[PDB]
Amino acid sequence: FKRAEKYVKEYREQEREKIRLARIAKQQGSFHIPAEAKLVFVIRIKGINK
Amino acid sequence: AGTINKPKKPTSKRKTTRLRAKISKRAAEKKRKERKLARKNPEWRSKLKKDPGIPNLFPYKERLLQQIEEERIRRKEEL
Amino acid sequence: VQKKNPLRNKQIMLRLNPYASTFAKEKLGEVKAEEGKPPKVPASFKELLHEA
Amino acid sequence: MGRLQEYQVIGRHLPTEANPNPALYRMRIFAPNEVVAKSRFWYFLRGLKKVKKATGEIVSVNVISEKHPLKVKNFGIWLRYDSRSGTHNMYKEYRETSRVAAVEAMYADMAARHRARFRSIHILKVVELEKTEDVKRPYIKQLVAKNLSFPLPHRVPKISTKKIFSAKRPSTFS
Amino acid sequence: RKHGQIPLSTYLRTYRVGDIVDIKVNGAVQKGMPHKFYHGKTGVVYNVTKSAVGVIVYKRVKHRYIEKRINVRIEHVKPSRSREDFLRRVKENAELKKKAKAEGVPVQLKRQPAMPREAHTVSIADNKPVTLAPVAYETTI
Amino acid sequence: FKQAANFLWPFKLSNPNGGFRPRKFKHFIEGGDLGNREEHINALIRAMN
RNA sequence: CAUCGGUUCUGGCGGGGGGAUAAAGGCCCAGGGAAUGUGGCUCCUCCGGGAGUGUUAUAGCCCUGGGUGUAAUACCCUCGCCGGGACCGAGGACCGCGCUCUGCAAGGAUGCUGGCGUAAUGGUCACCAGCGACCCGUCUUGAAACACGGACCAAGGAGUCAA
């Protein structure tokens, strides 16, 4: 229960922190490059023939 | 020609499988042959491409020439 | 004997995650943003945005 | 070519020891989404500079919305398209309410009239004609005329396609 | 390789059993030359003799590998830098792990491949972006 | 993450509700569905799941 | 028919976040400008209307900045709620994980009711209808074709034994 509460708080804080960094860079007259993605989800959509 | 009152034998658009396969194979063989003659072709080929330019009917062509000349002078001053 | 979906059967959701009831009660999916007057866009940003 | 949005894409080469602050390149690209916009950015940047996707980064992608989508405007588009012969210039004009709508009309018109696809058209400039004296194409000059009023003869009435039979022969005057 | 005199630091390299050596055949010296094959191949030293060394090569025939023992003079063998990235690394892990165990803080000691880069902020001042068309305007001139 | 992902059996999704694009075996940039679609994978996940 | 569980299709509603803290836009404030030039003035006239002038007048428009404004809305992402429908009910005392904890939607359907109790359900055969469907062996070669055998039925009929 406590661990899930911590995880929900961490997700919300990460989202608002990314938005805040982008906004402060835009207001200081620069550009915040976000971090490249660390997780990908690969789906095989073609068959097993040839 | 008296086509309307007396038509002739119709020209069939229904192609045959033999003709389709033969045309496809001749097309592929022609593609390979033109690639070979392109690799063996001794005709001169320019590295640079002749650029078509700017159309005359573009209404802001004069302002674009102003911008290009200004940027050229700016680059010459910077260099 | 039967796999039940936690997104549909809420009893399995509270079995796997006891924090779901607290989430739904405290409305953590409807958290409003922080208060404060937002600063306006810098003029240089709009000039670069609409630069030809 | 679809519901298009204009994006500014700013990118640069990756910083190295020789160049801690490499130059930034900004382009205005019409694309259906940001992935296609970044792909077109890398394509046009490979066409001009020693930067590719593996050696560069995307600094920013922003959406450029129309300032006045409710004002009727005249747009002049200078473009280059690739045909069997080679690359050719075209100057065309469109009377639309946004640059994105002008670009969709451009893509539809070139596909209809010259069989040019999205992959073979380079949009070089899209400009606004501030004055009506800058309009050159007669099919826009007949639209920018003074006191333009015209009827609509032979208007086929819109009857539902699920209603098969009608008891009155329709009229084409409304 | 330039024609004429052979460099004499070839004779001053010491080879031991177990060392990894390349085979680069010198055209000037005909004694101790291996076959047309086994040139440009990397192997293991098993025998060290006065002017030659024995190299273990794994030749391929049909659908199997056969061990071959090739006697090559010191003219045509060169030390191979394949396992220097192993020896320097294993030494570096040895002292770094000793220091980290003495200090107390655990470390990441395995080499990691190229991870995606983190977030950072790029300033626009004095580096204002330039707008590019699909073709250069001075080129359209 | 390696242990968690290897513990997770490969997910067996259903076909997308609403289907694919008209030509599916083509890159997402060209107008198909193969390749990296970046953040647009989520709509496909809701369709396939 | 009611209450449920599994899977799934579809409709509506209430919130949150993001971007130029959407872009617009309305209503005000301060400037500037133009014509596809409004009013006015002038000249022609078939006097129906045209032509010239100039910047709002007895219409208006465009551009720039500020306020309402942390406006609304579109788009994208997301947290839930309420309906409508279809297919399915595997297991068989209890155990377990749980919750809203007298009980329960929590390790797989029960409760109420009606008609009939027989060819009614179900099955077999014959035929019609919709859809599907080339004559079997053998041979050939990589395969098909060609070629070969087959009027029909009953019985017999071909990898056995010894060393």
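Residues numbered from 1 in each chain as written, not as in the entry; some residues may be left out. Chains lettered and ligands numbered in written order. Part of a larger assembly, values for the part shown. Heavy atoms only, no water. Residues with missing side-chain atoms left out of burial classes, pairs and counts.

For this deposited structure, the header cites cryo-EM as the method used and 2.91 Å as the resolution.

J.: Hey, could you run me through the pattern of salt bridges in this one?
T.: It is possible for side chains of opposite charge to pair when their charged atoms get near one another. Here the structure, examined in full by the defined rule, presents 18 salt bridges over all chains. The partner of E17 of chain A in a salt bridge is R20 of chain A, with the nearest N and O atoms 2.7 Å apart. With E17 of chain A and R20 of chain A both in helix α1 (residues 2–28), this residue pair falls three residues apart, about one helical turn. The class for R20 of chain A is partly exposed, based on a relative accessible area of 39%. Its salt-bridge partner being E6 of chain D, residue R28 of chain D comes within 2.9 Å of it at the nearest N-O pair. On the criterion of sequence distance, the pair formed by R28 of chain D in strand β2 (residues 24–31) and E6 of chain D in strand β1 (residues 5–13) is long-range, its members being 22 residues apart. Taken together, the shared-partner salt bridges connect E36 of chain A, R12 and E57 of chain D together with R117 of chain E into one network. (Salt bridge = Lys/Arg side-chain N within 4 Å of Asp/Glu carboxyl O. Helix = DSSP H or I, 4+ residues; strand = E, 2+ residues; numbered from the N terminus. Buried < 20%, exposed > 50% of the residue type's maximum accessible area, 1.4 Å probe, protein only.)

J.: Which parts of the structure should I look at to understand the protein's contact with RNA strand G?
T.: Residues in close proximity to RNA strand G total 43 residues, the closest being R23 of chain A, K4 and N9 of chain C, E66 of chain D together with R46 of chain F. Taken together, the sugar and phosphate atoms account for 68% of what RNA strand G places within 4 Å of the protein. The separation between a base nitrogen of RNA strand G and a polar side-chain atom of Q11 of chain C is 3.5 Å. At a separation of 2.8 Å, a phosphate oxygen of RNA strand G approaches a polar side-chain atom of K71 of chain D. If you list the elements that add at least two residues to the surface near RNA strand G, you get α1 of chain A, α1 (10–16) and α3 (43–49) of chain C together with β3 (56–63) of chain D. (Near = heavy atom within 4 Å. Polar contact = N/O pair within 3.5 Å; in protein donor to acceptor, adjacent residues only side chain to side chain.)

J.: Please clarify how the pairing of β3 of chain D should be interpreted in this entry.
T.: Successive side chains on a regular strand alternate, one facing one side of the sheet and the next facing the other. Residues and elements named next belong to chain D. Within β3, six of the eight residues are buried, leaving the element largely enclosed by the surrounding structure. Sheet topology note: the β1/β3 ladder contains seven bridges and is antiparallel. Among the inter-strand pairings, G11 is bridged to a residue of β3, identified as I58. (Pairing = 2+ DSSP bridges.)

J.: Is there a simple way to think about a positive patch on the surface in this case?
T.: Side chains of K37, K40 and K46 of chain C together with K67 of chain D sit close together on the surface and give a patch of like positive charge. The topology assignment puts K40 of chain C in the loop between α2 (20–26) and α3. Here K40 of chain C falls in the exposed class, since its relative accessible area comes to 68%. (Patch = residues over 30% accessible without salt bridge, like charges linked within 9 Å, V, L, I, M, F, W, Y side chains within 5 Å. Areas by Shrake-Rupley, 256 points an atom, 1.4 Å probe, with all protein chains shown as cover. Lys, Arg positive; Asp, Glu negative; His and termini not counted. Charge placed at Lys NZ, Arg CZ, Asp CG, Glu CD.)

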